[PDB]
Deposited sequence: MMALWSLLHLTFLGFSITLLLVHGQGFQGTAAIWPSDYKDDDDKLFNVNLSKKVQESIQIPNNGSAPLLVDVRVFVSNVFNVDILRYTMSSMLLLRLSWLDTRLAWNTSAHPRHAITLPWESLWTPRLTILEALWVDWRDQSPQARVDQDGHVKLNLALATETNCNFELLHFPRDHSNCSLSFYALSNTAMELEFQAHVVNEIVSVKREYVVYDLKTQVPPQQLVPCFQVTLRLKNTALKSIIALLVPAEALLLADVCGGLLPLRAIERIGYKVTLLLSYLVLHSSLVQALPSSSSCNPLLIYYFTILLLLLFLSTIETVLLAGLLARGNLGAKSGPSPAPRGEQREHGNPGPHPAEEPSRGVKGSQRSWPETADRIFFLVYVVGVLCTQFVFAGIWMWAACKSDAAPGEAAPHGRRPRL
């Protein structure tokens, strides 16, 4: 039964060098706050118990089944599900005892996206591989990451990748940290351009005379169009506890402005139908509405330039598993 036990390096723990290849990051679901990726793990260690004399066996390398020798059972905390593409992998051992294991896996880890600057949000995602069955006094990890992404024409671009070993740990683990940036133009063209166009159309329609029947229908049809667009936006975005995207607030403000414009138009038209004072009030409100639209644009730009997504760290991140 000793063949499946972890090799002894002596006083120091056994060293396992892990090479991580990020084949692709294909799914980035902000609604579920999940990131799906494909990884290749090449784990190399030394097991002198498996060394054999070259004279007896002419082969310079042999393949052993996954359960015939000690292999580090890696577990990912953030991964919703892990699909190992090799159900029964094999370990390659040479005459000097160096064991190499290749594992191809697909995971859907949990990533805490910072959606404050949607659709240009920048987030940090982490994949923490833990060897729960072992202890830090027996197992040590050296993690290297190679950026071998095969799909680059995606909405989210992985530009920074690195590996680290959290110090002062009880469970031996290594963390692969990558950075996601959104470069998709679908959201912008889909929502922002129609929203700004509708706002400009409402501002222009404010110039129609107060006693024109063609104005109320115009305003209400624009209001319905913006309601549909706002519903599409809000259903296309998730809601956070504290740090929500600024786009939902901006669209809410614009929708309130459009509702205020429609309400003012209808109220003043009704009062007029009952230069007259309502027409002067309409002109003053039109000037104030144009000024308010410009001020709202400038204020939102300033907020975007000086916004802070200051959500507190999660209990798992504040106290990582297997620390101290």
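Residues of the deposited sequence that lack C-alpha coordinates fall in the stretches 1 to 54, 329 to 367, 418 to 420.
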